[PDB]
Amino acid sequence: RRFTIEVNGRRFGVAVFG
Amino acid sequence: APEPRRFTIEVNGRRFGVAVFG
Amino acid sequence: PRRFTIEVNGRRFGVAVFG
Amino acid sequence: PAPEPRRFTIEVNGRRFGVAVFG
Amino acid sequence: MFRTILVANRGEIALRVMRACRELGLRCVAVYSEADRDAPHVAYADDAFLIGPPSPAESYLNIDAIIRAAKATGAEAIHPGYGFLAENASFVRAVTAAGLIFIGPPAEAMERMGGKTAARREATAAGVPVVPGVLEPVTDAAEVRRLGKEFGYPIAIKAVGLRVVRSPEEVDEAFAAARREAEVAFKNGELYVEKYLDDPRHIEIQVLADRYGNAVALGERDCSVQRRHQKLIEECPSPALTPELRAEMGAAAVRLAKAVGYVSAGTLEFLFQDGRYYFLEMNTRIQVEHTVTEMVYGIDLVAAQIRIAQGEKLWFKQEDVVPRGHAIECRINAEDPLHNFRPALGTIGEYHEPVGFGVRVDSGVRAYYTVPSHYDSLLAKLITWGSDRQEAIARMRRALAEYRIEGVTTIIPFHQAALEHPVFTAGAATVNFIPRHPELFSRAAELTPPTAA
Amino acid sequence: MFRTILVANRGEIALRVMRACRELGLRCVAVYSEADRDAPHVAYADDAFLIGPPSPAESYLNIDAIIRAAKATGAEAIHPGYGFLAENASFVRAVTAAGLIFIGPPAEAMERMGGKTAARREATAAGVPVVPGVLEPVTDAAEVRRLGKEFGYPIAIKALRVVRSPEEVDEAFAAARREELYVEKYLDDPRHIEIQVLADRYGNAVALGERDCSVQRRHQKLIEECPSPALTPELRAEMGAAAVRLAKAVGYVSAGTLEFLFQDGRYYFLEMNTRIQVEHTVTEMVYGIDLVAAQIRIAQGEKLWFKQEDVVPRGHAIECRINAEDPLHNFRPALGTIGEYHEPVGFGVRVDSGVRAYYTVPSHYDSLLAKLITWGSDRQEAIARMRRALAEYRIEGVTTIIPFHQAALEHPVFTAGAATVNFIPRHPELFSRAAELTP
Amino acid sequence: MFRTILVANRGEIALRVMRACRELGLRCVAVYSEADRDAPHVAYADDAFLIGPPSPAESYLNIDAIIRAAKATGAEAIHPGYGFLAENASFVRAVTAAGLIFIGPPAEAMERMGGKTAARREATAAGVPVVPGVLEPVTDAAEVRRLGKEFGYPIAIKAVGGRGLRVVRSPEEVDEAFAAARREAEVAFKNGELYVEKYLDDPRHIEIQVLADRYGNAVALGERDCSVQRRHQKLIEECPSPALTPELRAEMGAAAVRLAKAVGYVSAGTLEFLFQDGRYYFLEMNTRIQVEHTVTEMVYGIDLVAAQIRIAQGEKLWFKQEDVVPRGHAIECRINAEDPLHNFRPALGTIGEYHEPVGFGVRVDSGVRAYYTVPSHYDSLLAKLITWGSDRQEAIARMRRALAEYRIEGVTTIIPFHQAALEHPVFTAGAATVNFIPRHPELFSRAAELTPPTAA
Amino acid sequence: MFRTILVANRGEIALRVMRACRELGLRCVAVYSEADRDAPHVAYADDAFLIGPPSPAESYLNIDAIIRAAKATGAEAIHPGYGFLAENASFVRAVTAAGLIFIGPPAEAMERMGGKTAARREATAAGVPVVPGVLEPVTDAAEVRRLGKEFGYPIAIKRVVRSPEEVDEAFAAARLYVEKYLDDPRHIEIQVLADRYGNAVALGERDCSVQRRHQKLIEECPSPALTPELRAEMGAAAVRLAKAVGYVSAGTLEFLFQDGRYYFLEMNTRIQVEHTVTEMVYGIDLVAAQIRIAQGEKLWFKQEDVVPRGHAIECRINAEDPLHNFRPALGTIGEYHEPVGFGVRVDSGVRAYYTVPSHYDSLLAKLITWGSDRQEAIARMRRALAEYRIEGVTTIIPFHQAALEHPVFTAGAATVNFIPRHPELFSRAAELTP
């Protein structure tokens with residue numbers, strides 16, 4: 001499960017292993 | 001161009017703003 | 001509003017997700 | 001009592017993290 | 001000079017240290033086992049870390065785990081508190097190798113005063129009285145007799161006391177019984193002799209020192225009222241001490257502290273009978289009952305430890321140490337006073353702590369909190385201060401009555417009974433208060449209310 | 001010796017006095033209006049009585065009702081507290097005629113110090129300085145000038161105008177007639193310094209130190225501290241000695257407060273409060289004395305158990321009043337229901353409160369929810385503890401001035417000990433910081 | 001010595017700078033607007049930050065946003081790239097005040113060479129020839145004639161309109177042209193003020209690359225012929241230029257180094273000249289990396305982006321002018337995503353299938369990928385196609401093959417135009433001038449012949 | 001001059017030669033077995049022909065089939081590439097007899113340099129050093145010792161003998177031939193380009209010493225171990241040998257370099273797999289040069305024009321498992337993303353969503369990087385290796401990444417015994433493999 005997240009501007013590539 | 005999901009998250013009193021895609 | 005507790009590799013962090 | 005947590009392994013930009021969420 | 005400190009403890013003391021950190025503008029980080037995840041000290045701290053499972057050995061006693069948590073949280077110093085690893089030189093050395101400051105005495109001093117025998121020897125140097133004894137295996141009954149005359153009867157036979165000998169003739173039977181008992185139970189069978197004090201009082205002296213050799217004595221404490229050998233009530237000042245004896249003991253404490261190279265707070269415990277005081281052992285840490293000394297001498301000892309850890313020279317001198325008023329502390333332990341102080345467990349339902357001038361509550365519990373069983377019984381400490389001893393006793397009685405802790409049994413009834421007992425009111429409480437007055441438990445029951453969870 | 005005493009008050013003081021009653025082995029009886037039936041002080045007391053409807057006039061200021069409550073509950077003495085009937089000599093006379101003991105000054109002393117003018121006369125007869133002023137109306141502009149030379153500029157015309165020079169007196173008299181006047185000396189940047197006095201029925205009196213209640217908004221106090229940073233050891237003795245002198249002259253017999261104004265090394269008497277002081281807490285923590293307990297004993301006829309040589313200050317104490325007001329909107333009264341209530345805890349933290357969790361605050365009477373008091377070895381400690389306690393005091397549902405307290409305790413002027421009566425006016429930056437600290 | 005560098009640009013150049021960072025072991029941080037969220041540069045980067053809304057003024061030209069992004073990502077230096085704030089002294093001064101290193105020339109040099117008037121003045125001071133002209137207003141027709149004698153006909157009348165309102169080849173024509181130019185400026189430009197400059201009938205655009213260090217060492221890294229241009233925007237660039245002689249190359253290189261050192265230059269810069277009849281004239285200096293640095297980069301074997309970073313860290317030049325040697329020939333064609341045959345009007349859309357040409361001597365510097373929607377809010381440059389050869393002929397053949405085998409399906413590109421030019425006899429001979437496209441319209445007919453149908 | 005050229009090969013090399021064909025304006029015809037119908041080189045070519053079934057013996061090695069393809073497709077010359085009928089004089093004779101031009105050395109020259117023994121004889125003439133050895137069997141132990149004096153210890157029995165005493169026992173254990181043994185040699189090879197008219201040039205050296213079981217994995221130019229003096233001597237020797245044998249087109253002379261001395265081993269008669277590094281450092285298209293020499297152009301440059309610039313390194317992307325003794329790995333590649341940038345060249349024979357034929361080699365592609373100095377080439381190669389995406393099949397790319405981080409490679413001391421002596425490479429390889 002891959003999404004991209006922007007914490008106050010900073011781009012982060014996350015990958016949740018349920 | 002799916003629109004993002006925008007939340008305001010407070011972690012230990014520090015308000016960050018998040019935008020999730022996908 | 002949505003309040004949880006999260007332990008990232010041991011460190012406790014108090015989160016509040018609002019909306 | 002003591003509801004068990006939800007445990008996930010999250011990789012952020014190649015950094016493995018062990019996460020436990022309560023509630 | 002550090003900015004964030006990690007508290008390596010739980011419950012009451014951990015909150016006590018954190019409050020001091022907050023007042024001094026420093027960040028405090030908490031460590032907790034799985035059982036104390038919902039504990040007050042984890043919520044209070046600025047940051048927290050999970051050090052292990054509920055087992056003390058795998059959590060709060062894990063040296064490597066604590067140091068790793070400090071690195072993850074950015075801690076630069078560690079406050080041991082009063083239990084786990086506070087007087088463990090190894091923990092100090094691990095902290096030193098990791099580059100962090102130990103908020104306590106140095107390792108070498110801690111070691112020299114670690115064992116009761118080692119402390120007694122350091123006390124013989126520096127001229128501090130100790131309990132007249134041999135501490136070296138006695139060979140026969142004849143040696144006991146000669147040592148009995150030298151020390152003065154009564155004397156007591158102990159093993160590595162088993163029996164108390166009041167006369168020279170009584171020594172052969174007791175020696176035989178004491179040997180068999182040691183062999184059978186402790187698999188040792190070697191004994192030693194010490195002088196016995198029939199009705200002693202437990203008086204201890206608080207000392208504060210700096211990295212630079214300045215040491216001061218911050219008064220006395222009477223911790224005489226104990227069950228088994230565990231304190232239940234402590235008060236400062238002690239009614240048995242005279243102003244002159246108080247100065248003499250403080251001087252001895254500072255001499256002993258300086259000889260051992262002490263830094264930080266510590267407590268030297270003595271036994272007091274018939275106008276004479278005897279050193280037993282030194283606690284190289286903060287004491288649970290430091291609260292009463294804080295109320296009478298108006299000093300924040302935890303803040304003092306932090307300043308001394310940051311390298312400050314003592315900001316005051318012995319002339320500045322002045323007692324005002326009287327303070328008494330009743331320890332609110334979760335035990336059933338009416339059934340051999342059996343451990344009490346459960347979940348605290350409704351919690352309302354007493355309030356007022358001269359009332360202090362250092363607690364490690366809250367309302368709707370399940371008390372962890374793996375550790376101690378101390379839920380909280382109820383401390384009152386007064387203009388005179390009578391005032392302090394009255395406030396303690398009111399606070400005790402108006403303390404609401406529902407769901408778990410506490411010794412709060414016992415406490416109230418004690419504070420009514422005529423012996424206590426006079427200040428004749430000796431170590432054998434509870435053993436010699438079993439009417440306390442009758443009164444306790446009357447004040448024990450029916451309870452339900 | 002009386003055994004049960006009735007507390008003719010509510011809220012903070014009512015609970016505070018009851019604690020003193022409990023400690024002394026005495027029975028406390030509460031009085032309540034219909035608004036205060038479910039109030040904290042009513043539950044705490046051993047007994048309670050309904051004195052009337054919510055209007056202060058028909059309950060709490062009703063002498064006959066309070067006397068009736070004492071009769072029904074068997075009380076033998078009444079503690080007035082502060083406010084309402086505490087400084088009403090008539091209430092004292094009614095209380096004495098019913099056979100009950102008034103835990104306070106005698107009626108005659110209360111009267112001699114009642115009015116500001118009467119108090120000024122008693123203070124001059126006792127050699128306590130007063131503000132230079134004329135008691136009668138000023139006839140012409142010339143008299144203002146001559147009075148100006150006598151007192152020293154600046155001076156002030158009152159029924160208002162502040163005149164800094166003899167030349168300005170010509171215009172100012174014109175304006176004052178537009179709005180029948182009198183003249184008094186004006187102090188540019190004074191400090192409110194008050195002295196606590198304890199006395200016994202037998203003429204023995206002691207001075208228990210000073211208090212700087214200078215941070216005030218519209219003559220209403222907000223922060224109080226002991227000792228005052230502005231006083232010197234010599235000034236403290238002179239003012240304390242003067243306070244005892246005035247007290248002995250009027251025949252005082254209970255706890256009292258003499259309020260002065262302090263500017264340019266000189267002190268001037270203003271008013272005497274013939275009651276317990278709201279901020280007696282700071283004095284209690286610094287000198288280690290239970291004043292309410294002391295009142296009860298001196299009322300019981302005990303001779304003073306200590307002397308002035310025994311009165312010793314240790315440490316520094318600050319009190320912030322948790323008033324239910326909007327610090328950001330001209331301290332307008334805020335009312336509502338308190339949801340979650342958690343008081344700060346620790347060494348040297350005292351909370352004298354009249355509220356609880358899940359309590360709807362009566363909209364009548366005062367705005368004081370509770371009083372937060374901190375003690376430290378030095379002032380810096382006390383300031384640090386107050387900052388922690390203010391942050392960790394949880395009062396949900398109602399607006400409090402706690403943000404203002406937090407900003408003030410961060411302000412450089414307060415940190416330095418320069419708090420004057422004009423502290424709030426001269427630094428409006430407090431409210432910006434207060435805005436920053438609100439939810 | 002800094003470890004993390006922030007690239008304040010997008011598209012092709014941002015990827016080019018980031019690759020230099022990776023090879024040097026440095027972390028690259030990307031900044032992106034909302035339109036370029038799914039852009040290639042963002043993903044390549046080690047870390048990234050939203051600079052702002054799609055509007056260029058609110059994103060890549062927003063100085064405070066870029067600096068704020070650098071602080072959040074921990075960047076210690078900023079690479080401007082080409083365009084946007086790369087030649088903006090305000091951005092340089094803001095970056096210096098924030099404690100960051102600007103990977104480029106210093107602010108003062110940038111300002112001294114910023115405006116066309118200032119640069120020509122600085123170039124005459126350093127003994128670099130400039131276009132003979134009078135920047136102060138010319139009052140009457142007689143002054144034009146006198147200025148015509150000194151400058152040499154033809155001359156051009158222009159208004160304070162960069163290209164001549166009128167070109168006069170004889171003294172007799174000046175009365176008509178002066179009258180015509182005045183109305184045109186008065187009515188439209190709104191200022192009757194004119195000025196006179198020398199006119200070059202068939203010039204060639206030749207530019208000199210200059211690299212300098214913080215310590216005053218400067219070197220000239222060769223020439224570039226950027227003559228083939230539509231309007232004034234370059235389309236094809238090659239290195240070396242066929243029109244230059246070995247002697248002129250040194251003479252121009254020396255002039256470039258003189259100006260760079262005289263102004264206190266640091267990092268990479270490009271001095272642009274006009275060349276006709278054996279004579280070179282200075283026009284302007286670009287205080288940044290050049291889009292066409294690739295051809296020089298391949299002919300002289302130097303990584304200029306890496307060179308910029310090193311001198312930014314304070315390294316002294318690791319080579320000398322004796323070490324600057326050209327080998328081979330390089331050509332660059334701009335894949336600009338605009339419609340040839342339709343006056344290069346912007347072409348937009350989504351790129352479906354993307355297959356880049358590959359081989360020895362083929363380089364593709366791109367800012368696009370397959371299944372990518374090309375943002376319309378900024379530039380048109382999708383990618384740059386560069387080829388190297390042993391001789392010019394080889395490089396042209398590789399460019400011809402690479403152009404044919406470059407697959408971009410969703411959007412129209414000028415790739416047909418490139419193919420026609422590279423077949424043109426004038427280009428094959430090396431005679432392409434600035435007027436190459438205007439003078440030969442047969443290019444567009446051949447372009448139509450090579451244009452695949454795009455449909456929708 | 002021919003217009004249509006047939007590439008009798010597949011995969012990487014086949015595409016490389018075609019690119020040269022297109023650039024020179026020539027027609028490309030591809031040959032493919034049933035396995036390579038969907039192969040990149042058949043799609044790229046202008047024309048294609050089916051030469052046989054997947055078995056190499058029945059397809060790419062079938063002389064008659066290739067000649068048949070040339071006739072059907074109209075090809076006028078054939079480029080052999082490397083590894084299939086290349087260095088096969090028989091194929092050359094068939095191609096010349098069929099009326100076609102062979103884009104390589106002539107048959108007679110190719111034959112003279114075929115066998116190791118035959119080449120050594122041609123090499124001793126023309127003064128090129130060879131490994132001291134005896135071509136005939138060694139009769140007794142005494143001859144080994146005597147051969148030990150002539151050659152100088154260590155020697156090798158065909159066991160390694162370090163002293164005369166060990167030769168007495170070692171000879172017994174083996175029961176031959178004797179040659180000098182090099183403890184830690186380096187693999188140095190010299191590039192030769194020749195003309196139909198007797199003009200020959202040496203285009204430098206290459207160090208292809210990082211090798212497992214005599215199979216090259218990494219190649220670089222120039223060699224850090226060679227000095228300018230050795231470079232001239234070795235290149236001259238290469239040209240000397242070529243001229244004596246009548247060479248035409250591209251060739252590679254492989255030497256062994258130990259303790260400042262070089263010894264000839266073999267000459268490969270065709271194009272080199274690692275010719276890429278030489279092309280990048282010396283700026284020459286060798287395949288184009290081969291085509292030009294084939295139509296009869298005289299060499300367009302002289303040894304003075306041969307100038308090295310920069311440093312180039314090549315990593316072979318082999319479909320093999322490094323963690324398990326380079327075991328052939330096979331499968332289908334899903335997503336294919338090649339590294340790109342200045343100084344990065346990829347010669348590939350695969351594409352995205354391509355099932356790799358198992359009947360042939362393991363070479364998926366060749367990754368070549370060039371830099372101003374060797375350090376750039378190392379950094380550039382390390383980035384390219386990281387950014388090469390081959391998702392369906394296991395490759396030796398992890399091995400390459402570990403080698404390029406290793407201290408010995410960084411210093412330029414990689415010998416033919418590099419991999420045996422440092423097994424830490426495979427530990428590092430495991431870390432980068434998941």
# chains A, B, ... in the order shown; residues from 1 in each chain; ligands from 1
call {"tool": "interface_residues", "arguments": {"of": "chain B", "to": "chain C", "cutoff": "9 Å", "atoms": "only C-alpha atoms", "output": "JSON list (two decimals) with C-alpha atoms, in the first residue's frame"}}
result
[["chain", "number", "residue", "atom", "x", "y", "z"],
["B", 6, "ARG", "CA", -6.24, 17.18, 3.67],
["B", 7, "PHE", "CA", -6.19, 16.87, 7.47],
["B", 8, "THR", "CA", -4.78, 18.90, 10.35],
["B", 9, "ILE", "CA", -2.88, 16.60, 12.72],
["B", 10, "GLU", "CA", -1.74, 17.64, 16.20],
["B", 11, "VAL", "CA", 1.10, 15.49, 17.54],
["B", 12, "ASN", "CA", 2.15, 16.31, 21.11],
["B", 13, "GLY", "CA", 0.71, 19.80, 20.70]]
call {"tool": "residues_around", "arguments": {"residues": "region 167-169 of chain H", "least_positions_apart": "6", "cutoff": "8 Å", "atoms": "only C-alpha atoms", "output": "ChimeraX atom specification"}}
result
/H:141,144-145,161
call {"tool": "write_last_selection", "arguments": {"atoms": "C-alpha atoms", "output": "mmCIF file, in the first residue's frame"}}
result
data_model
loop_
_atom_site.group_PDB
_atom_site.id
_atom_site.type_symbol
_atom_site.label_atom_id
_atom_site.label_comp_id
_atom_site.auth_asym_id
_atom_site.auth_seq_id
_atom_site.Cartn_x
_atom_site.Cartn_y
_atom_site.Cartn_z
ATOM 1 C CA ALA H 141 61.270 -34.744 -13.041
ATOM 2 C CA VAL H 144 61.038 -29.895 -14.803
ATOM 3 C CA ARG H 145 63.861 -28.664 -12.575
ATOM 4 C CA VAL H 161 55.938 -25.399 -7.876
#
call {"tool": "residues_around", "arguments": {"residues": "residue 4 (chain D)", "least_positions_apart": "5", "cutoff": "10 Å", "atoms": "only C-alpha atoms", "output": "number ranges by chain"}}
result
D: 20-23
call {"tool": "residues_around", "arguments": {"residues": "residue 235 (chain F)", "least_positions_apart": "3", "cutoff": "9 Å", "atoms": "only C-alpha atoms", "output": "list in words"}}
result
residues 231, 232, 238, 239, 240, 265, 266 and 267 of chain F
call {"tool": "write_last_selection", "arguments": {"atoms": "N, CA, C and O atoms", "output": "PDB file, in the first residue's frame"}}
result
ATOM      1  N   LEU F 231      10.217  47.203  48.738  1.00  0.00           N
ATOM      2  CA  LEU F 231      10.520  47.632  50.097  1.00  0.00           C
ATOM      3  C   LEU F 231      11.903  47.176  50.545  1.00  0.00           C
ATOM      4  O   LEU F 231      12.383  46.098  50.184  1.00  0.00           O
ATOM      5  N   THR F 232      12.529  48.016  51.354  1.00  0.00           N
ATOM      6  CA  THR F 232      13.784  47.808  52.047  1.00  0.00           C
ATOM      7  C   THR F 232      13.522  47.379  53.479  1.00  0.00           C
ATOM      8  O   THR F 232      12.445  47.632  54.028  1.00  0.00           O
ATOM      9  N   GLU F 238       9.331  50.311  59.581  1.00  0.00           N
ATOM     10  CA  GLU F 238       8.587  51.540  59.841  1.00  0.00           C
ATOM     11  C   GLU F 238       7.107  51.353  59.533  1.00  0.00           C
ATOM     12  O   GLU F 238       6.240  51.714  60.338  1.00  0.00           O
ATOM     13  N   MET F 239       6.800  50.762  58.376  1.00  0.00           N
ATOM     14  CA  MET F 239       5.405  50.567  58.008  1.00  0.00           C
ATOM     15  C   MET F 239       4.729  49.569  58.938  1.00  0.00           C
ATOM     16  O   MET F 239       3.594  49.788  59.376  1.00  0.00           O
ATOM     17  N   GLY F 240       5.416  48.470  59.260  1.00  0.00           N
ATOM     18  CA  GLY F 240       4.850  47.513  60.194  1.00  0.00           C
ATOM     19  C   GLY F 240       4.610  48.118  61.564  1.00  0.00           C
ATOM     20  O   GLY F 240       3.555  47.908  62.171  1.00  0.00           O
ATOM     21  N   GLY F 265      10.125  56.334  47.598  1.00  0.00           N
ATOM     22  CA  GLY F 265      10.648  56.048  48.918  1.00  0.00           C
ATOM     23  C   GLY F 265       9.773  56.480  50.072  1.00  0.00           C
ATOM     24  O   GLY F 265      10.185  56.323  51.228  1.00  0.00           O
ATOM     25  N   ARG F 266       8.588  57.017  49.803  1.00  0.00           N
ATOM     26  CA  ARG F 266       7.679  57.504  50.831  1.00  0.00           C
ATOM     27  C   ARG F 266       6.348  56.775  50.693  1.00  0.00           C
ATOM     28  O   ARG F 266       5.884  56.514  49.577  1.00  0.00           O
ATOM     29  N   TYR F 267       5.738  56.443  51.829  1.00  0.00           N
ATOM     30  CA  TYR F 267       4.492  55.690  51.865  1.00  0.00           C
ATOM     31  C   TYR F 267       3.363  56.527  52.449  1.00  0.00           C
ATOM     32  O   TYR F 267       3.580  57.352  53.344  1.00  0.00           O
TER      33      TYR F 267
END
call {"tool": "residues_around", "arguments": {"residues": "residue 424 (chain E)", "least_positions_apart": "3", "cutoff": "12 Å", "atoms": "only C-alpha atoms", "output": "PyMOL selection string"}}
result
chain E and resi 222+224-225+233-235+238-240+328+389-390+393+415-421+427-434+437+440
call {"tool": "residues_around", "arguments": {"residues": "region 104-110 of chain F", "least_positions_apart": "3", "cutoff": "9 Å", "atoms": "only C-alpha atoms", "output": "ChimeraX atom specification"}}
result
/F:78-80,86-93,101,113-114,247,250-256,273-276,295-296,298-299
call {"tool": "interface_residues", "arguments": {"of": "chain B", "to": "chain A", "cutoff": "8 Å", "atoms": "only C-alpha atoms", "output": "PyMOL selection string"}}
result
chain B and resi 16-22
call {"tool": "write_last_selection", "arguments": {"atoms": "N, CA, C and O atoms", "output": "mmCIF file, in the first residue's frame"}}
result
data_model
loop_
_atom_site.group_PDB
_atom_site.id
_atom_site.type_symbol
_atom_site.label_atom_id
_atom_site.label_comp_id
_atom_site.auth_asym_id
_atom_site.auth_seq_id
_atom_site.Cartn_x
_atom_site.Cartn_y
_atom_site.Cartn_z
ATOM 1 N N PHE B 16 0.614 19.946 12.628
ATOM 2 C CA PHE B 16 1.166 19.783 11.312
ATOM 3 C C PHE B 16 -0.030 19.722 10.398
ATOM 4 O O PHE B 16 -1.143 19.505 10.846
ATOM 5 N N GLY B 17 0.187 19.911 9.115
ATOM 6 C CA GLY B 17 -0.900 19.810 8.169
ATOM 7 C C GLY B 17 -0.529 18.770 7.157
ATOM 8 O O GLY B 17 0.536 18.842 6.565
ATOM 9 N N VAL B 18 -1.403 17.811 6.928
ATOM 10 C CA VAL B 18 -1.040 16.725 6.052
ATOM 11 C C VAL B 18 -1.888 16.637 4.804
ATOM 12 O O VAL B 18 -3.022 17.094 4.791
ATOM 13 N N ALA B 19 -1.315 16.102 3.735
ATOM 14 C CA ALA B 19 -2.037 15.946 2.492
ATOM 15 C C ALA B 19 -1.692 14.598 1.939
ATOM 16 O O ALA B 19 -0.559 14.353 1.577
ATOM 17 N N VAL B 20 -2.667 13.713 1.871
ATOM 18 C CA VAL B 20 -2.405 12.372 1.422
ATOM 19 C C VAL B 20 -2.851 12.164 -0.002
ATOM 20 O O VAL B 20 -3.905 12.638 -0.390
ATOM 21 N N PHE B 21 -2.055 11.451 -0.784
ATOM 22 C CA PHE B 21 -2.366 11.194 -2.186
ATOM 23 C C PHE B 21 -2.418 9.692 -2.433
ATOM 24 O O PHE B 21 -1.438 8.984 -2.174
ATOM 25 N N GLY B 22 -3.550 9.211 -2.941
ATOM 26 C CA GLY B 22 -3.682 7.807 -3.287
ATOM 27 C C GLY B 22 -4.185 6.933 -2.158
ATOM 28 O O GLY B 22 -4.914 5.971 -2.397
#
call {"tool": "interface_residues", "arguments": {"of": "chain E", "to": "chain C", "cutoff": "6 Å", "atoms": "only C-alpha atoms", "output": "NGL selection string"}}
result
:E and (48-50)
call {"tool": "interface_residues", "arguments": {"of": "chain G", "to": "chain H", "cutoff": "9 Å", "atoms": "only C-alpha atoms", "output": "PyMOL selection string"}}
result
chain G and resi 16+19-20+22-25+294+297-298+301-303+327-328+358-365+389-390+394+397-398+400-401
call {"tool": "closest_atom_pairs", "arguments": {"of": "chain D", "to": "chain A", "cutoff": "8 Å", "atoms": "only C-alpha atoms", "output": "tab-separated table"}}
result
residue	atom	partner	partner_atom	distance
D:8	CA	A:18	CA	5.8
D:9	CA	A:17	CA	5.3
D:10	CA	A:16	CA	4.8
D:11	CA	A:15	CA	5.2
D:12	CA	A:14	CA	4.6
D:13	CA	A:13	CA	5.5
call {"tool": "select_by_dssp", "arguments": {"residues": "region 93-259 of chain G", "states": "helix (DSSP H, G or I)", "output": "number ranges by chain"}}
result
G: 93-97, 107-112, 116-125, 141-151, 174-189, 246-259
call {"tool": "atom_distance", "arguments": {"atom1": "CA of residue 340 (chain G)", "atom2": "CA of residue 237 (chain G)"}}
result
18.0 Å
